[PDB]
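Data block below; observations after.
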Amino acid sequence: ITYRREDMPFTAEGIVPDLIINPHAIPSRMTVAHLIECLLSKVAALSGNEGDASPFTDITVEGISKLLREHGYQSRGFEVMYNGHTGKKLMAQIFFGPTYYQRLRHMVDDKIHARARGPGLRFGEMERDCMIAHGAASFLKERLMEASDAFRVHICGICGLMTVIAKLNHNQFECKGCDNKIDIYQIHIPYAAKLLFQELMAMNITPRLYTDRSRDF
Amino acid sequence: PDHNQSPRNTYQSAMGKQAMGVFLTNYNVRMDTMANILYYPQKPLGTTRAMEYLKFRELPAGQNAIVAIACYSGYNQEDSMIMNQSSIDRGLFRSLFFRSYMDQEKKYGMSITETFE
Amino acid sequence: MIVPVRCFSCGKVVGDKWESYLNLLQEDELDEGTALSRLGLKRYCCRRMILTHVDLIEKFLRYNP
Amino acid sequence: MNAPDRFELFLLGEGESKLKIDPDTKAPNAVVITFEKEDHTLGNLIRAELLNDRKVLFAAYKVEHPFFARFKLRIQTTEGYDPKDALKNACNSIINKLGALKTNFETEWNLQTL
Amino acid sequence: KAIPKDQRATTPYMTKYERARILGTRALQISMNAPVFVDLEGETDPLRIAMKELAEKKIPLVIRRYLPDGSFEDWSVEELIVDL
Amino acid sequence: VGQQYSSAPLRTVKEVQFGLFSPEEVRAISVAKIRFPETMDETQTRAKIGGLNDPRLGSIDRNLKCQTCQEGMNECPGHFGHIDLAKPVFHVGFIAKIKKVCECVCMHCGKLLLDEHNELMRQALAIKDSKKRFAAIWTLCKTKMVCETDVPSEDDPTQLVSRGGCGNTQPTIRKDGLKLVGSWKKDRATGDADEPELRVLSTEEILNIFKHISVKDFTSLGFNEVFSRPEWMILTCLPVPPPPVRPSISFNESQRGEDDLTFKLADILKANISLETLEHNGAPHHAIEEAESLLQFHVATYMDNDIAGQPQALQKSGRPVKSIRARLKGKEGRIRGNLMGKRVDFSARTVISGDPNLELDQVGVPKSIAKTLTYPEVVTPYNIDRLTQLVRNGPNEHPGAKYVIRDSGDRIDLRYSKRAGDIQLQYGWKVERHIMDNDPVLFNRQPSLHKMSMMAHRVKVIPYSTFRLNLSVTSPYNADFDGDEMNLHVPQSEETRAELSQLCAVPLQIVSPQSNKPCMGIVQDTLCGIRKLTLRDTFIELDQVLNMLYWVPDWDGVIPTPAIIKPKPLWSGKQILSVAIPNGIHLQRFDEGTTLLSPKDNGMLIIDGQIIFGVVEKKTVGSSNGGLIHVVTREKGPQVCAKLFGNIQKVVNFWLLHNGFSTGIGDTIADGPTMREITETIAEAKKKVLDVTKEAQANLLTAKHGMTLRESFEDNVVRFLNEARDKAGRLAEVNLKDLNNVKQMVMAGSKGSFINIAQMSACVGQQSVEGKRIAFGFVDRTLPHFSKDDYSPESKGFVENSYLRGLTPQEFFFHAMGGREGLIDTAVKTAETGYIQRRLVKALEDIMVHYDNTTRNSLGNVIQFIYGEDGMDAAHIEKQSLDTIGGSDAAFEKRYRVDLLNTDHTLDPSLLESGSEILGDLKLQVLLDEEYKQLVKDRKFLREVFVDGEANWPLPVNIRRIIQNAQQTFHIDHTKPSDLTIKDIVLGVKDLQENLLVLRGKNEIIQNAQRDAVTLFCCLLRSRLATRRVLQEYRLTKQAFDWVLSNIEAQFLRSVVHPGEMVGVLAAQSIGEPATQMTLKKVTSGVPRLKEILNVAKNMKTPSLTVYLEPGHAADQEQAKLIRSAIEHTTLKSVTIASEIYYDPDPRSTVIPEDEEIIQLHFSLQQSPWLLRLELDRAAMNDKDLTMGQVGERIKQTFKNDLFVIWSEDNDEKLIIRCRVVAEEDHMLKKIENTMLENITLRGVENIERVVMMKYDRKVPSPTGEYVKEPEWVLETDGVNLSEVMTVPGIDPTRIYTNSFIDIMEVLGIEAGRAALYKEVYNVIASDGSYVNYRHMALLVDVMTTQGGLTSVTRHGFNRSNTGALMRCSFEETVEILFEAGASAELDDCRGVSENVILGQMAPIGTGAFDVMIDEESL
Ligand SMILES: [Mn+2]
Ligand SMILES: [Mn+2]
Ligand SMILES: [Zn+2]
Ligand SMILES: [Zn+2]
Ligand SMILES: [Zn+2]
Ligand SMILES: [Zn+2]
């Protein structure tokens, strides 16, 4: 979030931070440099002298501390600060200082891509396995269902084949080979499954779509 | 870098590569696919010595933020930051961004030209 | 590029103090620490402004068009 | 692009009032008021004035989200004391305190040389 | 394959998935203006009405629980204890 | 769909039966016969010919006419054609299989060449995997080339037994594209039988041989008597797909049109016809053969475009081609392209940012993203105005809509529409509004390894870009805000809405199945803040109380009466936090030194929603087990808990904002002196290390048994330097003040462990690569800045300095080395874990808990007879204390013995109302005796199970709490006697147990199962509602008690796993997710091990035995040794100093002095002159407890007489085995010398190389009852031989364990295998402290074990692991997968998520695992 200068917590000096980071980012990274640069960067700003933060110099948190202290700030970087909303002091003191920040690319506006379509960012196998775990089958249905028309076929109740000749007006259903007229079902499947099955039949392969779970077993 | 956890140096070494600075001074004169130029590139208040030979104080990539390590409104948790909006207004971290696009005319087509019109 | 007009943090008009600082430096052979305090920039928030600044423009005005 | 125009912070867009007055249900003689396009500037002020007033049992304010310019104000006043009147009263109480300061200042400002 | 109203071994309690799906199915009805069974003591939102119908044991649906062998128990949403 | 009617029932495909079209059926179902290889223009009269594109098949020309099935191009499901093949033809797909079957059956009688008579064949036949059997049979039968006439029976090889009386030799069949070529021989090179005869096995031969294969023979192959006969693999009769499969692009009128399959078929028909017009006309043989192989080619190419070429001559002289395989290359790959989640619709992705002001279950959607994603909302009197308001607002004003969709399915595009502001919304239209505040959306963060990382939130449209998450919903998603994008997905239908908000809704996810705990806690600021706010020293001035108060929206407006009213009205920090907490919430926990006065403000007590004492931090308010979130969730509902996060956050955050929390370098500095102690602590280890150096350079360090000097010197140094870093690290953690911001985070729980403080403040500590100090990369020195052979800490990579102090360049580079090791295999752990988790899922994907509480896979196999052995849902289990198990028998009696007939051990007439008249009531004391003998069995039973003595076991229903609620809900006073009867308790509880029902079957087996599933919960229950307990401790009245019973029963039922639970996926992602956190004594642990285990790798990296000594001798350090030696494989090599071959020709006098005495000594109460003389080493000689005699008579019993052996005796200063052969001698000896040094086993079990003893502290019950640690020696071995080691005298063969769960299986059976496999998988998950509720691993370990063997997870199949032919279409060849499914009659259960997606159906998973129907009952 960006606060305006009003709300920021301010220092006695009327200085206020351009940037508030969180202390919980600190112990677990072991990112002490950030602190010592910050300590230094402060002295530096105060003193005009460019702050040598080179590795393997004889420079020291203790030395940089002494210099800041000479500049009339508390030497460990902290600064009493006043909550901007109320003006009241902050009960705790806030490690305050310049620190070189880089602004990195790949900015928000470049990654807001919101491809909602009526007529990362995916739903891959892993998110599928997630929705399964959830129990959420109809969501899984809605989300994986292709735009492919829910085309309606008819089937024989013996050989789950799509060999049912349907005179729908006349209410007449004949499955040749099986001698079926009464034991016949109608099921909706994506037309691209209908096709795939016919393509499968075309290649001498019976994909039998049944309607009961347990077999003749 | 000798005060950092070892891997943290590695990470930085990467992100520095995605810092916005002033890649070249002649940038206004190059047409390069992406360009990110910082309004107010400042030298780091904390320079390195090796920094000299790197021309960093010359073409710096970043600015000196007045940074507070604070739990503030609660809005800077888990690696967010509360940025000072006013600072932003006065120019802090603004950047030019030059996307330059390129397009040509026809390959071999027997009077199958492409016309910029 | 050129001097920010105002110190980011607080908004001291800082961009009226750049040549004078360059003077406080060259013609009056002063050091930046002393010089910046003379321009009035007393809080490090405004100091880092001038002292950190890189005047790349004087390199941009070196190309022809 | 998503960024709401900055004026929306101190300027009322349409249909919004300055004050919405709601009768707190949870307690007797209490009210919740929503200031639109104000913030702590006013909130913390009015509250700590509202709080001085002794026939006020409860004063609190909160801005529920940093994004929006508005805040809610709850005042619980004694039986037979109207919170609107407590507001009015704590409002006046401020206007008068600032008059003083405005004066005192312009006064002590003139005595200064520079 | 069907199992008689007596000898139902399945939970007398509605399963979180069943509720999820009644409420779903029921709301999908309420949403297309199919008629509601309870008093809409304010509600405009389908699911919230569907839940009110379940609450007041007024959903007119039967859940068919299939056992892994293929046989099944029928329960009436009315019968099913909603305690989740 | 197709607004017409059909009387036919509307159903859903429940099963797909795959098979092969018998030629019979291919005709039977077909409508045409198809003769003419052309279409249209019948002498120019346009339409169609009775040959193609019409004879009965689907119509074109907009014509409804279509065998009277009418309808037209959109409503007709194209009917199938027929085409007789002049000759039998190999169906391309099965050429492979055909050949293969032909290798298994005799090529003359059609008789399986190997019967039930051959023994290697009954093992082949018994295999149930139709595919694996066929392979096992084939690898057995392809050796055969003679269809045996008489086979050695099950008796004498003298005695032959008859079989298929056809003696003919088989060809070895090789392939040549489409022709199978067979070559015979009357044996390999025997006289008068040489030279094979290559003849092409024609289709006509094979088809007839296939027909002769018996229903029995081919069924013992993959083949199905009914669905897929071998013969059917051979095409006689070809299905003709109609015009919807093969279209005709007739550009309006008067232009040609017929697809690239139509032409490809037209050429088959041509070849077919010209093959007929060569039999009907008569012809030469290599003319019909040529005409056959042309046909066979065209049938082949018709289906598979990957043979001896590509026939691309179909209406184009430029030559492109399309087959039906290459049609599925755009239809197995356009279904798979949509099976991989590409066309991501109604979803949106952006940076996430945290936001402490959203509720826990909100997701801040930027307005602009809100304006993009729609929800189709049906216009409804309830919503007509709002919808109308939106439609007016339009695509650009927020609470607006993009599209108004009218009855007719038209889409008014409110953006570009001349009527944008002029639409009368009618009921039943869809408006596609924007998502608005409170829409359930499904918010997910990839990689999403975790039901908890796809949760549903209420939308809250907000200003700027970026999704906004409540901070506490953070780790369920493993999300931070340093750039993470998240996907938001808008459920589109109303039931799809309902499902989200009813199952995946974030509140419903607080207590997660994965570790039977909450998985969302209070975090970062809110945690840190809450601790601070909670300290006793934290007090709140009225002025700020009112805000904090007002901040909690659920506040009731009562200002709490301040805990200090004296000089200043002053509230406790606790008091106001206690208003975030709702009423009825209690919590007792005790830390190390908590009392009811808890000095250190330790522990935790909350009563009726006022935290009475304890600092609130991670323990309480975090995600931890017992914590306040667990409690509030179970006790008060998920939603009311979810709202709690809000309150707590809001209050605490508000508090923190005006208090402030930071951290500086000052926080990371040690007390001047501490630094000297630290510097001393380190410099105190560099002596230790230095002393061990000097020690070892002297050669005074004794190598620890089975460990080299150099190996054990490092080991010491590393531990010194760690003991150092650590005692160093403690030295700074104790220092740092309770002000210390770093420590202030550490106390509270938010980011920050000891190692962190430790490395920043005290020593950084020893770096290490491949678990060793830094290695000599340069020759004998780690950098060119040290001298050669420098083994000091500084050299070998101890970083002495804190990070605060800065690191030396060496330290910096060594740290960099260790660092690079970290990132390198942080990349390995990410990459391997990434894929394990995807295998673990695929493995368990289909396991579900069905309505019978059974847990089954897609096939229907019982994996668990009750889910996780107790039928409980893991999200309804809490760790609970089984008290019956613990403490002295003495104590057991004190708590639980109620003996009325004893003025001493009776219930005192104060506890009980009828307390006095109870004294001496025989009849009662017979009930209370029943109770207690039962409690006694219980304690005994429990100690049999938890041999460990572990009291605390995840069980459902927190009984402690319910009681604690009773005692508060009834204001029970621990002062007046309770109005309970003993009969009330004793019978009440007895009666309660009969009510805890996981299972409901009325039969005995189930009632027995039910009794077991409830056993453990019941002992808890019995031990909790024991008569004394109920009165002594609890003081329950009849009212509260009767309440506790009905509550325990209530929650118990609430705790039972719901049929529907994709419990497997759950179990896989419960094992996976945490492994996606394993980022790291010498045994392979973590992901290498996990990838080792799941892989069921027989070749383990670190095979170990762990043997325990027989009970009576555990302490005997000398018997541990005596076993160690008698186990550790001890070769001659290991005990011989040197070997020498002398020429020493006289077997009496000898050219070796030190042996004159030994030949003399072997002449008191043939041979070569070449002598093999071994000089043995006492050191290792007596160390391995070995005799010269023993070494000797070993070699003498290894080389029969073929070696003359003689050895010095055990007194002689030099130990010597002298050996001669008994002339090519010097060479047979160097062989024998080697056969000795390598092969001969002096002592031990082979493969057991190191055998280390170790003291293991063991929990064992003492005589008085309580659990006492009893140290035991335990041999741990490099090398596994569990069979031979098990049997060694003096070990506890009962307990001997190996990590090689594979050898365990092989020696102890599968059930023990599983037991061990579970202990391994769990060790992996325990080694990173992590917990995963038992049932998850059980289910993994059960699935690995269901089929009698250890079946690996990390894919075993190239196809499947448990996947239907339809499901996620794997390989660029699904055709191949389907072909086999045809041939093997793959029976698809359609319990898949993909099969059913393919079918346009929801899965029978969870919410789709039952059907809904319309009740005719409801009045
Ligand atoms: Mn993180
Ligand atoms: Mn991240
Ligand atoms: Zn049929
Ligand atoms: Zn400034
Ligand atoms: Zn038709
Ligand atoms: Zn034969």
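Identifiers in this document derive from the order of the structure tokens: chains are assigned A, B, ..., residues are numbered from 1 separately in each chain, and ligands are numbered from 1 in order of occurrence.
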
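Near stretch 108-111 of chain A, within 12 Å and counting only C-alpha atoms, sit residues 120 and 121 of chain A; 1, 2 and 3 of chain D; 348, 349, 350, 351, 352, 353, 366, 368, 369, 464, 465, 466, 467, 482, 483, 484, 485, 486 and 487 of chain F; same-chain residues fewer than 6 positions away were not included.
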
Write to file, as a compact mmCIF listing (two decimals), in the first residue's frame, the residues of the selection just made, with N, CA, C and O atoms.
```
# COMPACT_ATOMS: atom_id res chain seq x y z
N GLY A 120 1.61 -18.49 -15.15
CA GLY A 120 0.60 -19.46 -14.74
C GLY A 120 -0.79 -19.19 -15.29
O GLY A 120 -1.00 -19.18 -16.52
N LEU A 121 -1.75 -18.99 -14.37
CA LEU A 121 -3.17 -18.67 -14.68
C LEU A 121 -4.03 -19.86 -15.16
O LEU A 121 -5.20 -19.69 -15.50
N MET D 1 -4.37 2.74 -13.57
CA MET D 1 -5.67 2.40 -14.23
C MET D 1 -6.76 2.03 -13.22
O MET D 1 -7.87 2.56 -13.29
N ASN D 2 -6.43 1.11 -12.30
CA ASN D 2 -7.30 0.76 -11.17
C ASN D 2 -7.30 1.87 -10.16
O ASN D 2 -8.30 2.09 -9.46
N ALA D 3 -6.14 2.55 -10.07
CA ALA D 3 -5.91 3.69 -9.19
C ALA D 3 -7.08 4.66 -9.23
O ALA D 3 -7.38 5.24 -10.29
N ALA F 348 -8.37 -15.16 -13.40
CA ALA F 348 -7.61 -13.93 -13.44
C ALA F 348 -6.44 -14.05 -12.51
O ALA F 348 -6.53 -14.68 -11.46
N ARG F 349 -5.33 -13.45 -12.88
CA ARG F 349 -4.10 -13.66 -12.18
C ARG F 349 -3.46 -12.31 -11.98
O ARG F 349 -3.56 -11.46 -12.86
N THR F 350 -2.85 -12.09 -10.82
CA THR F 350 -2.17 -10.82 -10.49
C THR F 350 -1.32 -11.00 -9.28
O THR F 350 -1.47 -11.98 -8.56
N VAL F 351 -0.47 -10.01 -9.02
CA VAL F 351 0.34 -10.03 -7.84
C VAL F 351 -0.65 -10.19 -6.69
O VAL F 351 -1.76 -9.71 -6.78
N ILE F 352 -0.27 -10.91 -5.63
CA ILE F 352 -1.02 -10.81 -4.39
C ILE F 352 -0.31 -9.86 -3.48
O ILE F 352 0.92 -9.80 -3.48
N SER F 353 -1.10 -9.14 -2.69
CA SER F 353 -0.61 -8.37 -1.55
C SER F 353 -1.41 -8.75 -0.29
O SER F 353 -2.60 -9.06 -0.37
N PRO F 366 -9.21 -6.50 -7.46
CA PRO F 366 -9.21 -5.18 -8.02
C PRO F 366 -10.44 -4.96 -8.89
O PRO F 366 -10.90 -5.88 -9.58
N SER F 368 -10.72 -3.52 -11.59
CA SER F 368 -10.53 -3.72 -13.01
C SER F 368 -10.61 -5.18 -13.38
O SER F 368 -11.03 -5.51 -14.50
N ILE F 369 -10.18 -6.05 -12.46
CA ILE F 369 -10.24 -7.49 -12.70
C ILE F 369 -11.66 -7.94 -12.46
O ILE F 369 -12.12 -8.89 -13.09
N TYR F 464 -7.08 -0.53 -6.33
CA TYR F 464 -5.89 -0.74 -7.17
C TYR F 464 -5.80 -2.17 -7.65
O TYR F 464 -6.59 -3.00 -7.21
N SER F 465 -4.87 -2.48 -8.54
CA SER F 465 -4.66 -3.86 -8.99
C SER F 465 -4.23 -4.79 -7.84
O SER F 465 -4.24 -4.39 -6.65
N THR F 466 -3.84 -6.01 -8.18
CA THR F 466 -3.45 -7.03 -7.18
C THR F 466 -4.62 -7.57 -6.36
O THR F 466 -5.43 -6.81 -5.81
N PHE F 467 -4.67 -8.89 -6.27
CA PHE F 467 -5.53 -9.57 -5.33
C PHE F 467 -5.06 -9.29 -3.95
O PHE F 467 -3.87 -9.12 -3.73
N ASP F 482 6.14 -11.17 -2.11
CA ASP F 482 7.33 -10.66 -2.82
C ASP F 482 7.28 -10.85 -4.34
O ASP F 482 8.32 -10.86 -5.01
N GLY F 483 6.06 -11.00 -4.86
CA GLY F 483 5.86 -11.13 -6.29
C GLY F 483 4.97 -12.27 -6.73
O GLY F 483 4.70 -12.40 -7.93
N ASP F 484 4.51 -13.09 -5.78
CA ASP F 484 3.64 -14.24 -6.08
C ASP F 484 2.42 -13.77 -6.84
O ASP F 484 1.75 -12.83 -6.42
N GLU F 485 2.13 -14.41 -7.96
CA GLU F 485 0.83 -14.21 -8.58
C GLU F 485 -0.13 -15.30 -8.08
O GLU F 485 0.29 -16.41 -7.70
N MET F 486 -1.41 -14.98 -8.03
CA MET F 486 -2.41 -15.99 -7.75
C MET F 486 -3.50 -15.99 -8.81
O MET F 486 -3.70 -15.00 -9.49
N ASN F 487 -4.14 -17.13 -9.00
CA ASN F 487 -5.24 -17.21 -9.93
C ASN F 487 -6.53 -17.19 -9.19
O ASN F 487 -6.72 -17.86 -8.17
```

Using only C-alpha atoms, which protein or nucleic acid residues come within 12 Å of stretch 15-31 of chain C? Drop anything in the same chain fewer than 3 positions from it, and give the result as a count of residues only. 33

Quick check: residues of chain A within 9 Å of chain C, only C-alpha atoms, returned as an mmCIF file with N, CA, C and O atoms, in the first residue's frame.
```
data_model
loop_
_atom_site.group_PDB
_atom_site.id
_atom_site.type_symbol
_atom_site.label_atom_id
_atom_site.label_comp_id
_atom_site.auth_asym_id
_atom_site.auth_seq_id
_atom_site.Cartn_x
_atom_site.Cartn_y
_atom_site.Cartn_z
ATOM 1 N N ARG A 5 2.243 11.105 3.126
ATOM 2 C CA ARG A 5 3.117 11.538 4.174
ATOM 3 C C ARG A 5 2.367 11.758 5.487
ATOM 4 O O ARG A 5 2.941 11.527 6.554
ATOM 5 N N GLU A 13 12.158 14.657 13.837
ATOM 6 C CA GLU A 13 12.675 15.570 12.847
ATOM 7 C C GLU A 13 11.692 15.949 11.754
ATOM 8 O O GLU A 13 12.029 16.760 10.890
ATOM 9 N N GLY A 14 10.490 15.382 11.757
ATOM 10 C CA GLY A 14 9.552 15.648 10.674
ATOM 11 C C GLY A 14 9.840 14.813 9.441
ATOM 12 O O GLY A 14 9.029 14.798 8.517
ATOM 13 N N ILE A 15 10.985 14.122 9.422
ATOM 14 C CA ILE A 15 11.279 13.123 8.393
ATOM 15 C C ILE A 15 10.337 11.958 8.596
ATOM 16 O O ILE A 15 9.944 11.629 9.717
ATOM 17 N N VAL A 16 10.016 11.313 7.487
ATOM 18 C CA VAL A 16 9.056 10.247 7.447
ATOM 19 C C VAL A 16 9.567 9.257 6.392
ATOM 20 O O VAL A 16 10.263 9.666 5.456
ATOM 21 N N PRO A 17 9.292 7.952 6.555
ATOM 22 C CA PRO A 17 9.935 7.061 5.606
ATOM 23 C C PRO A 17 9.230 6.993 4.253
ATOM 24 O O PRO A 17 7.998 7.071 4.184
ATOM 25 N N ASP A 18 10.055 6.887 3.204
ATOM 26 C CA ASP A 18 9.641 6.644 1.840
ATOM 27 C C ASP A 18 9.150 5.230 1.780
ATOM 28 O O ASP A 18 8.395 4.861 0.877
ATOM 29 N N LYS A 42 22.896 5.794 6.609
ATOM 30 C CA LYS A 42 22.455 6.912 7.441
ATOM 31 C C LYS A 42 23.626 7.813 7.711
ATOM 32 O O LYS A 42 23.616 8.948 7.239
ATOM 33 N N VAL A 43 24.639 7.321 8.432
ATOM 34 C CA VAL A 43 25.853 8.109 8.682
ATOM 35 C C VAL A 43 26.267 8.865 7.427
ATOM 36 O O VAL A 43 26.370 10.098 7.456
ATOM 37 N N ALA A 44 26.474 8.121 6.334
ATOM 38 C CA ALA A 44 26.815 8.658 5.017
ATOM 39 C C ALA A 44 25.989 9.874 4.634
ATOM 40 O O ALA A 44 26.545 10.935 4.355
ATOM 41 N N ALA A 45 24.667 9.721 4.633
ATOM 42 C CA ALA A 45 23.767 10.821 4.277
ATOM 43 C C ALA A 45 24.011 12.019 5.156
ATOM 44 O O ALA A 45 24.099 13.149 4.685
ATOM 45 N N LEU A 46 24.121 11.743 6.444
ATOM 46 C CA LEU A 46 24.332 12.762 7.441
ATOM 47 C C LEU A 46 25.652 13.462 7.232
ATOM 48 O O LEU A 46 25.774 14.653 7.534
ATOM 49 N N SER A 47 26.639 12.719 6.731
ATOM 50 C CA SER A 47 28.026 13.159 6.780
ATOM 51 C C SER A 47 28.600 13.495 5.418
ATOM 52 O O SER A 47 29.763 13.883 5.320
ATOM 53 N N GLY A 48 27.800 13.328 4.369
ATOM 54 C CA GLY A 48 28.251 13.623 3.008
ATOM 55 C C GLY A 48 29.270 12.630 2.478
ATOM 56 O O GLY A 48 29.294 12.361 1.276
ATOM 57 N N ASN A 49 30.114 12.097 3.373
ATOM 58 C CA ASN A 49 31.072 11.020 3.059
ATOM 59 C C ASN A 49 30.404 9.749 2.533
ATOM 60 O O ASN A 49 29.531 9.159 3.193
ATOM 61 N N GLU A 50 30.822 9.340 1.340
ATOM 62 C CA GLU A 50 30.371 8.087 0.763
ATOM 63 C C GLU A 50 30.758 6.953 1.696
ATOM 64 O O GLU A 50 31.890 6.890 2.190
ATOM 65 N N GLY A 97 16.462 4.482 8.346
ATOM 66 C CA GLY A 97 17.618 4.830 7.551
ATOM 67 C C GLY A 97 17.476 4.740 6.051
ATOM 68 O O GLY A 97 16.610 4.020 5.542
ATOM 69 N N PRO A 98 18.317 5.497 5.330
ATOM 70 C CA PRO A 98 18.443 5.276 3.905
ATOM 71 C C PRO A 98 18.946 3.873 3.673
ATOM 72 O O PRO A 98 19.598 3.300 4.555
#
```

Enumerate as an NGL selection string the residues within 6 Å of ligand 6, counting only C-alpha atoms and all ligand atoms. :F and (106 or 108-109 or 111 or 147 or 166-168)

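Of the residues under consideration (B:80, B:4, B:100, B:85), B:80 shows the shortest atom-to-atom contact distance to ligand 2 when counting only C-alpha atoms and all ligand atoms.
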
Name the residues of chain C that fall into helix (DSSP H, G or I) according to DSSP on the backbone, using the chain letters and numbers of this document, as a ChimeraX atom specification. /C:18-25,32-38,44-52,57-60

For the residues in the current selection, export C-alpha atoms as a PDB file, in the first residue's frame.
```pdb
ATOM      1  CA  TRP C  18      22.358  21.965  -7.431  1.00  0.00           C
ATOM      2  CA  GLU C  19      24.661  24.466  -9.199  1.00  0.00           C
ATOM      3  CA  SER C  20      25.208  26.224  -5.929  1.00  0.00           C
ATOM      4  CA  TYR C  21      26.231  22.848  -4.425  1.00  0.00           C
ATOM      5  CA  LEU C  22      28.549  22.115  -7.360  1.00  0.00           C
ATOM      6  CA  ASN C  23      29.986  25.522  -6.550  1.00  0.00           C
ATOM      7  CA  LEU C  24      30.131  24.921  -2.833  1.00  0.00           C
ATOM      8  CA  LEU C  25      32.272  22.047  -4.021  1.00  0.00           C
ATOM      9  CA  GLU C  32      29.872  17.624   0.427  1.00  0.00           C
ATOM     10  CA  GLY C  33      29.144  17.053   4.134  1.00  0.00           C
ATOM     11  CA  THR C  34      29.817  20.674   5.031  1.00  0.00           C
ATOM     12  CA  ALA C  35      28.475  21.979   1.727  1.00  0.00           C
ATOM     13  CA  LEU C  36      25.062  20.251   2.014  1.00  0.00           C
ATOM     14  CA  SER C  37      24.559  21.624   5.505  1.00  0.00           C
ATOM     15  CA  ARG C  38      25.218  25.096   4.151  1.00  0.00           C
ATOM     16  CA  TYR C  44      19.425  13.276   5.828  1.00  0.00           C
ATOM     17  CA  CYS C  45      16.193  12.739   3.957  1.00  0.00           C
ATOM     18  CA  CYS C  46      16.973  15.899   1.911  1.00  0.00           C
ATOM     19  CA  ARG C  47      20.713  15.459   1.958  1.00  0.00           C
ATOM     20  CA  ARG C  48      20.641  12.064   0.269  1.00  0.00           C
ATOM     21  CA  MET C  49      18.757  13.969  -2.415  1.00  0.00           C
ATOM     22  CA  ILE C  50      21.628  16.136  -3.617  1.00  0.00           C
ATOM     23  CA  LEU C  51      24.510  14.012  -2.353  1.00  0.00           C
ATOM     24  CA  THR C  52      23.240  10.807  -3.983  1.00  0.00           C
ATOM     25  CA  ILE C  57      22.023  15.084 -18.171  1.00  0.00           C
ATOM     26  CA  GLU C  58      25.471  16.695 -18.586  1.00  0.00           C
ATOM     27  CA  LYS C  59      26.282  13.477 -20.444  1.00  0.00           C
ATOM     28  CA  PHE C  60      23.079  13.580 -22.442  1.00  0.00           C
TER      29      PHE C  60
END
```

Distance limit 7 Å, reference ligand 5, atoms considered: only C-alpha atoms and all ligand atoms. Which residues make the cut? Give them as a count of residues only. 11

Around ligand 3, at most 12 Å away and counting only C-alpha atoms and all ligand atoms, which residues are there? Put them as a PyMOL selection string, please. (chain A and resi 154-165+173-185+206+208-210) or (chain F and resi 25-26+28-30)

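One finds atom CA of residue F:409 at 25.4 Å from atom CA of residue F:11.
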
Mind listing as number ranges by chain which residues of chain D are within 12 Å of chain F, counting only C-alpha atoms? D: 1-6, 8, 24-32, 43-44, 47-52, 57-69, 71-76
